[PDB]
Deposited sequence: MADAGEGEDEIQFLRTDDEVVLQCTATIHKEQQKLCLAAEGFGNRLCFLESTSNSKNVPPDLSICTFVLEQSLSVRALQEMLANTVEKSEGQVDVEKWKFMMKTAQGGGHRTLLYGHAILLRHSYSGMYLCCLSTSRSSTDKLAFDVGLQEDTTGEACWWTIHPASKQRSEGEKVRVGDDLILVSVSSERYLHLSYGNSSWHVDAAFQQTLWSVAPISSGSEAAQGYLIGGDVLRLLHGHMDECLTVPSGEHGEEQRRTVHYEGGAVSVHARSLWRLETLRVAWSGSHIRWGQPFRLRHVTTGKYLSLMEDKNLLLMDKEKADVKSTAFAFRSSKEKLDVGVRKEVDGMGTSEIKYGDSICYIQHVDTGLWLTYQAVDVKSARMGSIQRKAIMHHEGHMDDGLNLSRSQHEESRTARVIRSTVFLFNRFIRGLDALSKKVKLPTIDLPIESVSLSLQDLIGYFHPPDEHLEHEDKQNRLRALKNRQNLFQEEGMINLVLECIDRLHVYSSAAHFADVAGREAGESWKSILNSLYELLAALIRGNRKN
C-alpha cells in the first residue's frame, strides 16, 4: 500500500483497443521542435524496447483548490525528457490540444485529480495503481484519449478517460550517489582514462555501430553517454541492484548495445531481450536497496543470456568484445551525466534525425516527407538554446549561462552539427527564390524558405561564437 508524493516520477497510461485487443498506452511528448503530446505503446517489450524516457513525468506540485497526493488536489507535471509542463493548450470541435509549455503561470498547466469510482473520495490519499481522472483547471476538460485518422491521440475533451499512474522512480527515496534505472551515464576504465563509446560523427551510420573504449576528450562529449533502461515499466527508475537485467541505449545514435558473437548497436526494432540484456556484477566469481555507487563501485558487465563478460581487446583503440574470462582490469567505474550534457545529447540526436529527414525530402524534390513546420520550430528552439545571456541578468546567472553555452556549443560541434547545418543551407540555396521553392514544394514550404534559411544562418553563427 503505497501513495504518490511530490518529486515522484510516473507514467500515465490509458487503455486503448488495438488489433481488437486491449493495450496500455503511455502519455508522451518530445518537446524539442514539437510541443504536442502523443501516445507511446508498451507492447512486445521482449522484442522491442519501449521508449520510456519520453513518457516519464515528475509530480512537481500538488495543492488544494515532498507532499502526499490527495484526491481533489491540483498538480503540476514536469515532463522529464524536455523540462516543460503538461498543459492544456489553446489550439486544436470542443476539444483542446494537450502538450508541453515552459510557463507555469496561469491555470493551463494545472490538473485536478479525481476518483475513478466511489471507492475513493476528495481528500483521500492517491494510491499507486488507482485509476485517476484528470481535469484541466483552465479548460474544465478531461485529459482524454481520442480515436482519429485511424489512430489514437490525447486531447482535453468533455469525455472522460481513466488513467493509471504507474510509479517509475520516487525521488524522495533515491539514495544520492547511486545508480537508478533510466540514468544517463558514462562507463570508464578509471586507471586507463578511457570510456565506452562509438566512432565519431565523421563516420557513417554503419561504422558508428561498433563499440570501443577511448581515452582523451571523448569522456566529455555526447557520444560517450549511455542510458541504462531496465526491463520493467513499473519501478524502472528504482535503484539498480547487482545482477538486475537492463539494456544500454547509446544516447547519440539512439541504438541499443547488442550481442550478434560480436558487439553491435541495433535499431530498437531488432533489439530483442536475449541479445540486449546485460547486468552489473560486483565480481566475476519499490525503489529497493541502493547497491551500485557512482565513482566507487567497480562494476563488471555480463551479458545475461550468455554469461559472457564485457571486456576489451588489447591493441596487438581497444575494441569492446565479450569473452568468458576477460581481463583482471575490466572493472568499470560509473560516472553520472550532468543534466546539461544529457539534455544537449538528446537535442542533438532529435535534430540530426529531423534534419536528415528534411535533407532527404529536399533531395527527393530535386530527383515526400518534407517537415517544414517541425524544422521551423526546431530552429527557433535551437536559437533559444544558444541565446546569449541578456545583459540585464545578475552576474552569477550570466556566468552560469555562458558556461552552459560553451558546453552546448562544444557538444554540438563534436557531433558534426556545423556540417549538418551547412548541408541544410546548401540544399535550400539550390532554389533561386521563395517562389521557385514554392513552385516545387508547395506554398507553405515557399513561405518558410527565407525564414528557415535565416534561422539556419543564425544558428550557424551561434555554433561558432566566442
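Novice: For this chain, which runs of the deposited sequence have no C-alpha coordinates, given in order from the N-terminus?
Specialist: In sequence order, the gaps with no modelled C-alpha are 1-10, 76-109, 137-141, 310-311, 337-347, 379-387, 439-444, 544-547.
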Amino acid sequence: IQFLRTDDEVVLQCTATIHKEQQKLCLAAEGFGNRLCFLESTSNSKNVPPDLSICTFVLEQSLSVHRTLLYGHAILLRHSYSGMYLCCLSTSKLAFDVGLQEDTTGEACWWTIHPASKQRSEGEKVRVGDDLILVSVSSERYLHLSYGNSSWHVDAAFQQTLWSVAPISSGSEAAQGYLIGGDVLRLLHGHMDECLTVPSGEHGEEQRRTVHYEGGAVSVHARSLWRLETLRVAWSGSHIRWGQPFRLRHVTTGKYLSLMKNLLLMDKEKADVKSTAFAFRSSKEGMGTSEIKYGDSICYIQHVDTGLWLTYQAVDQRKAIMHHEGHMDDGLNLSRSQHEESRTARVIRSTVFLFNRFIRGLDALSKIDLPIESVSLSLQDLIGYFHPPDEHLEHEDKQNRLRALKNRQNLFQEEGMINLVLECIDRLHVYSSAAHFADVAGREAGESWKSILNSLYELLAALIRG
From here on, numbers count along this sequence of modelled residues.
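Novice: Which has the higher mean CA temperature factor in the PDB entry, 117-125 or 375-383?
Specialist: Taking the mean B-factor of the alpha carbons in each, 117-125 is higher.
Novice: Name the higher of the two by mean Cα B-factor in the PDB entry, 389-397 versus 343-351.
Specialist: Stretch with the higher mean C-alpha B-factor: 389-397.
Novice: Could you check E60, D439, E423, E415 and tell me which one carries the biggest Cα B-factor in the deposited entry?
Specialist: Checking the PDB record, the top C-alpha B-factor among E60, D439, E423, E415 is at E60.
Novice: Just to confirm, going by the entry's C-alpha B-factors, which of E269, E194, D363, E229 comes out highest?
Specialist: The listed residue with the largest C-alpha B-factor is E269.
Novice: Taking the values exactly as deposited, rank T56 by C-alpha B-factor within its chain and report the matching third: lowest, middle or highest.
Specialist: For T56, whose C-alpha B-factor we compare with every modelled residue in the chain, the answer is the middle third.
Novice: Among the chain's modelled residues, which third holds the C-alpha B-factor of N410?
Specialist: For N410, the deposited C-alpha B-factor lands in the lowest third.
Novice: If you rank the chain by CA B-factor, which third does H324 end up in: lowest, middle or highest?
Specialist: Its C-alpha B-factor belongs to the highest third of this chain's values.
Novice: Would you please rank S290 by its C-alpha temperature factor against the other modelled residues of its chain and give the third it falls in: lowest, middle or highest?
Specialist: Highest third of the chain for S290's C-alpha B-factor.
Novice: Place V251 in the lowest, middle or highest third of its chain's C-alpha B-factors, as listed in the PDB entry.
Specialist: According to the entry, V251 has a C-alpha B-factor in the chain's lowest third.
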